[PDB]
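Written out below as structure tokens is the structure these notes cover.
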Amino acid sequence: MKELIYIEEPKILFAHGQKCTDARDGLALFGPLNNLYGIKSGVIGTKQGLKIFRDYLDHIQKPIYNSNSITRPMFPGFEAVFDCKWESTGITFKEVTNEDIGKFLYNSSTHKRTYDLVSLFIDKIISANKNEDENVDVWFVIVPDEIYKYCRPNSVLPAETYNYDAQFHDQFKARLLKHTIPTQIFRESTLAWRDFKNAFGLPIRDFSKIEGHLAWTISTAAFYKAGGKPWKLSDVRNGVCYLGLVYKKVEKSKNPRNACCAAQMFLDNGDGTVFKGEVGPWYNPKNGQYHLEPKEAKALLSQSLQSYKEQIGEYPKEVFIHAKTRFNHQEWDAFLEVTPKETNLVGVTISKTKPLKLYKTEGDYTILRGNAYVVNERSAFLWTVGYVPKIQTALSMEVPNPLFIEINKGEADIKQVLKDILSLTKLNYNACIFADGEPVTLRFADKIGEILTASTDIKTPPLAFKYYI
Amino acid sequence: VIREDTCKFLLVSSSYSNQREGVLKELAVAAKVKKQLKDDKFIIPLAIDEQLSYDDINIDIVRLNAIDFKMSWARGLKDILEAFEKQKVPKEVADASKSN
Amino acid sequence: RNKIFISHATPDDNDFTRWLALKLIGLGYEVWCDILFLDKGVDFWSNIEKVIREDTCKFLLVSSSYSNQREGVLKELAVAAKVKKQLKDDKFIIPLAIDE
Amino acid sequence: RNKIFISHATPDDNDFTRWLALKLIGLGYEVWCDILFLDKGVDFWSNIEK
DNA sequence: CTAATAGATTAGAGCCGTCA
Ligand SMILES: [Mg+2]
């Protein structure tokens, strides 16, 4: 018989120093940390897109319900939750004629038409930013479905612009990076889903029972992208820094030339939460290899340590490098040649490709969430997806898979590593969910890497997450 | 508790609470208590149901000045707080730990 | 909607109200009155509101120094005003001045 | 018997009525308006007549 | 450098379900 261990929920913090395990409940009960006054939005799109956005804004000023209030908390209105004004009166419109959109989406080349459409939108956005008086917090880009259908890299149509990714979203977000304009992209079938139907009279996407969930997600994203703090972690210890490393394939040239990006998280020391990308993309020329050369590893670790020191005033007492790969001896020797003497560097690998499933012998409900199986002093399985008794349901549909956490390098305690990994699953500001299945250090770094891989002209990019997510 | 402890009678008016036996009996008791004391502003309706027209209200509260909640709940909460401050409803220091 | 409702103050204006009800019954009309048709042991506010809202063609009010500023009379007047607005009849309410 | 009564349409004239009432109060005149002086939970027609 | 046989580890795309 093998023995399992349980790990308790980490809890998150809200206004008035009140702790809760859910973000929806804590937002409906207490409210967010900071005090915004109101969101002034800029809307660039067609006329019908503008009307759709206005209707949606008018829709979320009132309570919106789900089918079940236990499985899914309801939405009591934007001003009831966030204590700020986001209404369809502080809107500036930048019209985009439909004839231009039709004209540019026909060139029979994905790269060229994608470049033309991104140029069309960002030209108006940039011109409005540079030479106008109205102040805009977030720019809402409404996109028709015909643009979304044909602009994927593997989309079939029934040189100068070839040095870009063939994806509209990533190229759009990368080409606006040097201007630092927070923007949110909406499809036209997302805000008005009742009108778009298939050839049977029914909506293609049915949000009838999950309208409140969509309102929660959209409102939280809009609030965060406008400079609002929705919540923060409540049990982050002092002197510990979390660093996530993610690799991507640059490609789009002769050299695959792998690239690496980082994300950093630590405590502000003012009881805040510092959580920002640490990225100047570091390159490896050899194909298929996901390890840093000594120079790049030294540069990355030096930059991260200097950032922590400048923010806090002292070097960290503990550095956890979470990664999806293993480390070699050259990598870690380069890492250790710049680390200060009185600092502990632990390198942890979080893997998902490891088959193991636990079945309850009687019921039709899966294993409890915070269960873990410790193979050895340096390895353990952890269930981040599973049944949550608070909401009377699980975070998946079939039998969930656990994460295989291995202390690859250094000397640490596996139980504390599991506790920190479970705590890190409660910071997905790009969503409004009970909890994530992966630590956010390895997810936002991936998002940053996939954003600053769609262009080659980016230099000294911004680090705030609101310019990528 | 209605006769000896209550200081304000907040009623939630909707398509469900209209013509409900327990609600009507509690309203009758509250009206008797309001007559018993010198307080005309003892019962406060709060309208929340968009399907409950202002002309379809039960005879007990047709003549009362209500607080509107349909278009948004934040301004309704602000109106309730302002009314309570204007009518000097008893209260302690603010603390969100009790609700928690 | 063929019942003539009579609103008055009980029991200060019972003589005139009973006289008028008996006369209108003798002439052939259908009259609902507080002192002649209300049942014993029935929820009376609900029944009165139902009578005013569902079956009532005229609202004859008895106006005097007593019926002025009376809670029951005023509530009936409010509900009858709602019914008049819903019915688009500008002569739904008719006062009868009997006090010098 | 020293209160100025402002009658108006609602909610079409609340902007001008609020401006005028605030100006009159600032100048020292006692003003009654349902926008700013009608208590919640009261018999409002009787109060207005009174 | 190079063509096969394994094991073991990595990233990339793309589709489907969320009620009950
Ligand atoms: Mg987002």
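Lettering of chains follows the sequences in order, A, B, ..., and the numbering in each one begins at 1. Note: hydrogens, waters and symmetry copies are ignored here, and every other heavy atom, side chains too, is used.
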Within the structure, does a side-chain N or O atom of A:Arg152 lie under 4.0 Å from either OP1 or OP2 of E:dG14? no

Atom CG of A:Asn68 and atom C1' of E:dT18: how far apart are they, to the nearest Å? 13 Å

Classify the angle between the aromatic ring planes of A:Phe168 and A:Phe121 as parallel (below 30°), tilted (30 to 60°) or perpendicular (above 60°). perpendicular

Whole-Å distance, A:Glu406 CD to E:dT10 P, equals 9 Å

Please report the distance, rounded to the nearest Å, between NZ in A:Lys352 and P in E:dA11. 15 Å

A:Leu243 versus A:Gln264, closest heavy-atom pair with distance: CD1-CG, 3.6 Å

Measure across A:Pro400 and A:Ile367 and return the closest heavy-atom pair with its distance rounded to 0.1 Å. CG-CG2, 4.5 Å

Starting from P on E:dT10, measure out to NZ on A:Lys286 and report it in whole angstrom. 15 Å

Would you tell me if any nitrogen or oxygen in the side chain of A:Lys248 comes within less than 4.0 Å of OP1 or OP2 on E:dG12? yes

Euclidean distance, atom CZ of residue A:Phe327 to atom P of E:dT9 [Å, nearest integer]: 15 Å

Nucleotide E:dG12, atom P - distance to CD of A:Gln167 in whole Å: 12 Å

Please state how far atom CZ in A:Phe404 lies from atom P in E:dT9, giving the value in whole angstrom units. 9 Å

From the candidates E:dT18, E:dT10, E:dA20, the one with an atom nearest any side-chain atom of A:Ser67 is E:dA20

Look at the aromatic rings of A:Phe78 and A:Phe82 and report parallel, tilted or perpendicular, splitting at 30° and 60°. tilted

Among E:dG17, E:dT10, E:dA20, which nucleotide sits nearest the side chain of A:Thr325? E:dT10

Length of the CD1-P vector between A:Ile350 and E:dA11, whole Å: 12 Å

Testing E:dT10, E:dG17, E:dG14 for proximity to the side chain of A:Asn154, the answer is E:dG14

Tell me whether the OP1 or OP2 atom of E:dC19 has a side-chain N or O from A:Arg72 closer than 4.0 Å. yes

Checking one value: the base orientation of E:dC16, syn if chi is within 90 degrees of 0, otherwise anti. anti

Please work out whether the ring planes of A:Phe275 and A:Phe465 are parallel, tilted or perpendicular, with thresholds of 30° and 60°. perpendicular

Side chain of A:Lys324 only, please: which of E:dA11, E:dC19, E:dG17 is the nearest? E:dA11

With nearest nucleotide decided by heavy atoms, which residue, A:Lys209 or A:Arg326, maps closer to the 5′ end of DNA chain E? A:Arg326

